[PDB]
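Asker: Sequence, then structure. It's an experimental one.
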Amino acid sequence: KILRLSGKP
Amino acid sequence: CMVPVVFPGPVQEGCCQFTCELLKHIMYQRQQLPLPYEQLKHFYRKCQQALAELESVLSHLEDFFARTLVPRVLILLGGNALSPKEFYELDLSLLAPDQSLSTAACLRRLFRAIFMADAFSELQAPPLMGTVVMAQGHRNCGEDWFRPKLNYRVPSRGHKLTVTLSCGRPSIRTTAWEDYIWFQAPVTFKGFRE
Amino acid sequence: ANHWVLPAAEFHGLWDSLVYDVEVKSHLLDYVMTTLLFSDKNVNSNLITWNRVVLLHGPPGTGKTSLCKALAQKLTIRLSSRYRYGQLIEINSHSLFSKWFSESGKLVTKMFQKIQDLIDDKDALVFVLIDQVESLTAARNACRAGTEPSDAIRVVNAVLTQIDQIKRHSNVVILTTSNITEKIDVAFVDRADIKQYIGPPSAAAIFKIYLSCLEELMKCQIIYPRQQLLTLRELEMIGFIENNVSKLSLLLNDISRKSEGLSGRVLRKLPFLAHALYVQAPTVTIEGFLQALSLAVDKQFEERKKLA
Amino acid sequence: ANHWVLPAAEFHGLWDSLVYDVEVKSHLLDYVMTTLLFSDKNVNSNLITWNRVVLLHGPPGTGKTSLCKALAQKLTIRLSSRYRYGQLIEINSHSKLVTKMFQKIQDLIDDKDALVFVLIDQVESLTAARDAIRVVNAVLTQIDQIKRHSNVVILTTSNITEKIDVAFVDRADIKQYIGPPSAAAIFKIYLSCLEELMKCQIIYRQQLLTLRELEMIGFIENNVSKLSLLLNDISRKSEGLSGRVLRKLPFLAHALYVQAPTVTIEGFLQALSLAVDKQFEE
Amino acid sequence: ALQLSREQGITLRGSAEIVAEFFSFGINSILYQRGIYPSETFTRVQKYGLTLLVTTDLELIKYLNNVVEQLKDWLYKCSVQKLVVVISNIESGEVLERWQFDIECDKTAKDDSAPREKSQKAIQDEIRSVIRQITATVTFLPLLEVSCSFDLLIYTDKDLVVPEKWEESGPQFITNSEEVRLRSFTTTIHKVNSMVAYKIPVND
Ligand SMILES: Nc1ncnc2c1ncn2[C@@H]1O[C@H](COP(=O)(O)OP(=O)(O)OP(O)(O)=S)[C@@H](O)[C@H]1O
């Protein structure tokens, strides 16, 4: 469902 | 279809950049240029020369609006001056030279409207075509770069969209316009692509 | 595409049903006989123009289909010492193609899969048939837009590579028929280790086929009273001398002579019209059927003249 | 897309191995023997008619590419002086390879004693089975752009007769057409066949009295030398064959009259005589 | 004198491919235009018979490639149904922008082996509609008075097929945000509705 990974700075 | 625009506040130089960004927006949304002119600032033969065509257009437009007022602006695609492949009308009739709001606010309001005006709904990718812009001007404003068309008439076919305004002013005359006369862009814009 | 087993009752009498003068039948026969025999003589290939591909060409309706089939049959029996049985696969090029690319996929997979994996049968001898070479030149490169070839030729020549692949075996017999000699694929009619012309079946063959058809009338009792026919060899030994016994065969000879270049099809058709147009009776005893045959051949020639 | 060093022994001797009808050995020498003459001093190019592009055409596989190769050979042979070595290249229509290929060719050009050669098979057959288009035009531009290098030699091979487009060979400056190979080369191809056959008693022996062997023996028409005359017989009207049909012939002969696991060669010989007799009754 | 239609057809997985690169380039352009990332550092390519904004952030390049293929997968199994890109502030991280893409797939694609009548022309021009539309949308999105960052939300109905590095998270609404819908577009297998939510301005 609501699934995230690392958004780079 | 037909779409006006609702503003609470009046203007003066707003009209200028209104037409500017509208023209730009359009020429993009008809594929004539690969990217919006606001972002074409990259990449500095047909490309730069046509873009400079467009820039001269824009500049003299600003000149013209600075000189006098405009009731109506015309932008053509193909055809000729007296008949388009398609066209867009931009009403400024409802404006006089007031405002403390930001010009950008009117821009984004009107463009959000355009989006909600649902225009440019044609899956049919048109080919690369020719473009001319026109508008009315003072009877005697001594305009130079443009040129009048004393026999001109609005053609009545391929009415893509007349963008119309409303600044919330009660009721104005029409004689203040009956003296004015269409001028024409001296050089046809061409829209390229690769 | 269809699937034949080697000798079955379909193809009995199939060889001798067809006749050709110089017995170039034999030429083709021992030709392919040696063609296969090479791989068993331990021979290389590239230094010498040869493959296992067969092409016949000439006037259409000349048994060429039947001819190659009976050829395969005779070869089969002549190679009992080398293979038990085998397959003959009708590759109806017409039935080959289909619209989209996944259809070409199912095409190549099912058909050439069957072909290949049958060729693996080292006790089966392989025979392949291509009824319409013209249908493999169906994309003969001559156009600025040869009907969007980026799906067609890529498989057609793939077929050729398939052909290549399969001719990479030893036990493969590829047969090809045209029914036209004018326009044929480049680089495939170049792969022409057989350019086999067939012509109008001339007299002696016509005579033998007459004999066969007549005795098939007789056996089947169409000709109710049986009589005695002869061979042109036998007729020549007695010197065509008109007795009251060899006369009928002399008449048959003359009919054959005057019956040149119609077709194998027209010939083995003849008896039918002979019985229908002019006889038009259930019994023909003899020399009425014969003159009827005469008039029928006459009708065929007149009408070739009448096709304007 | 292969490599060759000059005279190194890969094709050492291929030179005389292709005797042709109409002196083209000593003739075609002139081509490069004078091409490099003119290529040295940068003559009035605009004026004076030269390129560096060998080109013939004819029945395919007629020792054409082979003569190109043995030609590079003999060119170094005659002219190791102007070139203490050199580099031959197979440029294959089978096809990026082109970019680094012509880069390597630049490397070859880098040296004054590197007799560069540009060998391309079936040069116009590029338009036979037609996204190799950039391959086409890259090879084209490289051709027209590395011509000015004096050690460059362009070995083009038509493999198509007179069906050549503009970009390639109307560009040429020296051409030639040659028909079927001589009785000699016909004999050599027969020899290839008869060696393949005497490989396993296929036709069974008498070693093949080759052409120079025919010459050294002073024409002692005997057990095997009869080949010659029958050769000439099987070369009498053989003028008009194709290499395909050439090598096809012994096959067909063995098909007609042998019908056997093997015959003594002489039967096969008269058989192929009669087979070619058929083939030019046509 | 003839021609011929040769219609190729469409596949579950082909739809997945094309719509995957759809989102690829669309995300590229969105995050290009509003100022989310360094614009100057990017460039253009030719795709969809038009010109497209493409990044060079190897980090985000590989990241979004992973996302693209993973979505290709989940389309090939109709797994996901929402695709959102939530843009927020840097430090206070307040959400300003939220591009919601609501996804429809074809369950029957299990049995829908035979193709469906629809052209590369049609799909292509309709995605061109999408792209040009989104581009235009910048003309009214209230400009970012600051710099921003973003996070990537989706919604696959399955809590089942989850690969390793992906973690469950929250809805991330906005308190005062207008939502405005863009044109729709489909594959007859996958459709994607699109609508951007964005923080309602404080002052008019
Ligand atoms: N030389 C022949 N001898 C006897 N019968 C023949 C001969 N040639 C043809 N026929 C017969 O006439 C018919 C010819 O059959 P086909 O094989 O179709 O002819 P064809 O040469 O193959 O023409 P196509 O184009 O291949 S169908 C068959 O019924 C054969 O039995």
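Answerer: Received the coordinates, thanks. Numbering: from 1, shown residues only, chains lettered A, B, ... in the order given.
Asker: could you check the distance from residue C:242 over to chain A?
Answerer: 105 Å (Cβ to the nearest Cβ, to the nearest Å). For the C-beta atoms, the positions are set from N, CA and C on the backbone; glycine is no exception.
Asker: ugh, typo on my part, it should be residue E:92
Answerer: 16 Å.
Asker: Repeat that for residue C:274.
Answerer: Distance from residue C:274 to chain A, by Cβ to the nearest Cβ: 86 Å.
Asker: so what's that residue up against?
Answerer: Shown in contact with residue C:274 (Cβ atoms under 8 Å, 6 or more residues apart in numbering or on different chains): C:289, C:292-293, C:296.
Asker: who touches the residue nearest to residue C:84 when sequence neighbours are not counted in this structure?
Answerer: Of all residues not flanking residue C:84 in the chain, residue C:123 sits nearest, at 4.5 Å (Cβ to Cβ, 6 or more residues apart in numbering or on different chains). Counting by Cβ under 8 Å, 6+ apart, residue C:123 touches C:83-85.
Asker: what's the closest of those to chain E?
Answerer: residue C:85 (37.3 Å; Cβ to the nearest Cβ).
Asker: any idea where the strands of chain E begin and end?
Answerer: For chain E, applying DSSP state E gives strands covering E:43-47, E:50-54, E:80-89, E:95-104, E:148-156, E:167-168, E:177-181, E:191-199.
Asker: if we compare those strands, which one ends up closest to chain D?
Answerer: Closest approach to chain D among the strands of chain E (Cβ to the nearest Cβ): strand E:43-47, 16.1 Å.
Asker: helices and strands around that closest one, which ones?
Answerer: Here strand E:43-47 touches strand E:50-54, going by 3 or more Cβ pairs under 8 Å, 6 or more residues apart in numbering or on different chains; DSSP states H and E.
Asker: what is the orientation angle of the strand it packs on with strand E:43-47?
Answerer: 140 degrees (axes from the mean of the first three to the mean of the last three Cα atoms, to 10 degrees).
Asker: ok, strand E:50-54 near chain B or not?
Answerer: Yes. Shown here: strand E:50-54 in contact with chain B (Cβ under 8 Å from any Cβ of the partner chain) through E:50-51, E:53.
Asker: Give me the PyMOL select line for those residues, limited to the buried ones.
Answerer: Command for PyMOL that selects the buried part of those, burial taken from 16 or more other Cβ atoms under 10 Å in any protein chain shown:
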select buried, chain E and resi 50+51+53
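Asker: Buried residues, whichever helix in chain E runs longest. List them.
Answerer: Secondary structure of chain E read by DSSP state H shows that its longest helix is helix E:12-33. Residues of helix E:12-33 classed as buried: E:12, E:14-33 (neighbour count, 16+ other Cβ under 10 Å).
Asker: does any bit of it sit next to chain B?
Answerer: Yes. Judged by Cβ under 8 Å from any Cβ, helix E:12-33 and chain B are in contact via residue E:33.
Asker: for that helix, packing partners?
Answerer: So helix E:12-33, by 3+ Cβ pairs under 8 Å, 6+ apart, packs with strand E:50-54, helix E:58-76, strand E:80-89, helix E:120-137.
Asker: partner strands of the shortest one, parallel or antiparallel?
Answerer: Meaning strand E:50-54. With DSSP bridges as the test, strand E:50-54 is paired with strand E:43-47 (antiparallel).
Asker: angle of the partner strand against helix E:120-137?
Answerer: Here the directions of strand E:43-47 and helix E:120-137 differ by 150 degrees (the same axes, to 10 degrees).
Asker: who's in contact with strand E:43-47?
Answerer: Contact with strand E:43-47 is made by B:34-35, B:42-43, B:194, E:21, E:25, E:51-54, E:56, as judged by Cβ under 8 Å, 6+ apart.
Asker: farthest pair in those?
Answerer: B:43 and E:21 (23.4 Å; Cβ to Cβ).
Asker: Please identify which residue in chain A comes closest to chain C.
Answerer: residue A:3 (34.0 Å).
Asker: so who does that residue touch?
Answerer: Applying Cβ under 8 Å, 6+ apart, the residues near residue A:3 are E:153-154, E:156, E:162, E:166-169.
Asker: beta partners of it?
Answerer: Beta-bridge partners of residue A:3, as defined by DSSP bridges: residue E:168.
Asker: For the nearest residue to residue C:163 once chain neighbours are set aside, name its beta-bridge partners.
Answerer: Spatial nearest neighbour of residue C:163, chain neighbours left out: residue C:174 (6.5 Å); criterion: Cβ to Cβ, 6+ apart. Beta-bridge pairing for residue C:174 (DSSP bridges): residue C:53, residue C:128.
Asker: what's in contact with the longest strand along chain B?
Answerer: Ranked by residue count, the top strand of chain B under DSSP E comes out as strand B:130-137. Contact with strand B:130-137 is made by B:19, B:23, B:27, B:32, B:57, B:61, B:64, B:67-68, B:70-78, B:81, B:90, B:143, B:146, B:148-149, B:152, B:177, B:180-185, B:188-191, as judged by Cβ under 8 Å, 6+ apart.
Asker: ok, the residue nearest the centre of chain E - contacts?
Answerer: The geometric centre of chain E, computed from its C-alpha atoms, lies nearest to residue E:23 (Cα atoms, centre = their mean), at 3.3 Å. Counting by Cβ under 8 Å, 6+ apart, residue E:23 touches E:68, E:71, E:83, E:101.
Asker: mind giving me a markdown table with those residues and columns for distance to residue B:85 and neighbour count?
Answerer: Formatted as a markdown table, the contacts of residue E:23 follow (distance: Cβ to Cβ, whole Å; neighbours: other Cβ atoms under 10 Å in any protein chain shown):
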| residue | distance to residue B:85 | neighbour count |
| --- | --- | --- |
| E:68 | 38 | 19 |
| E:71 | 39 | 23 |
| E:83 | 37 | 23 |
| E:101 | 34 | 22 |
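Asker: Which single one of these is nearest to chain B?
Answerer: Nearest member of the contacts of residue E:23 to chain B, counting by Cβ to the nearest Cβ, is residue E:101, at 17.1 Å.
Asker: Give the closest residue to the closest one in space, chain neighbours not counted.
Answerer: Leaving aside its chain neighbours, residue E:101 sits nearest to residue E:83 (3.9 Å; criterion: Cβ to Cβ, 6+ apart).
Asker: ok, now how distant is the one you found from residue E:38?
Answerer: According to Cβ to Cβ, to the nearest Å, residue E:83 stands 24 Å off from residue E:38.
Asker: Surely residue C:52 and residue C:176 touch.
Answerer: No. Counting by Cβ atoms under 8 Å, residue C:52 does not reach residue C:176; the two are 11.5 Å apart.
Asker: The residue nearest to residue C:163: neighbouring residues, count only.
Answerer: If you count neighbours by other Cβ atoms under 10 Å in any protein chain shown, residue C:174 ends up with 21.
Asker: Ok, residue C:145 next?
Answerer: Neighbour number of residue C:145 under other Cβ under 10 Å is 9.
Asker: Checking my notes, it in a helix, right?
Answerer: No. Counting by DSSP: H, G, I helix; E, B strand; the rest coil, residue C:145 is not part of a helix but coil.
Asker: show me the contacts for it.
Answerer: By Cβ under 8 Å, 6+ apart, the contact set of residue C:145 is residue E:3.
Asker: Work out the gap between the following helix or strand past the longest strand of chain B and the centre of the chain.
Answerer: Moving toward the C-terminus from strand B:130-137, the next helix or strand (DSSP states H and E) is strand B:147-148. What separates the centre of strand B:147-148 from the centre of its chain is 16 Å, taken as Cα atoms, centre = their mean, to the nearest Å.
Asker: Kindly identify which of the contacts of strand B:130-137 also come near chain E.
Answerer: Residues of the contacts of strand B:130-137 in contact with chain E (Cβ under 8 Å from any Cβ): none.
Asker: To what extent is the closest residue to residue E:11 other than its chain neighbours buried, counted in neighbours?
Answerer: Nearest residue to residue E:11, sequence neighbours excluded (Cβ to Cβ, 6+ apart): residue E:115, at 7.1 Å. Using other Cβ under 10 Å, residue E:115 has 15 other residues around it.
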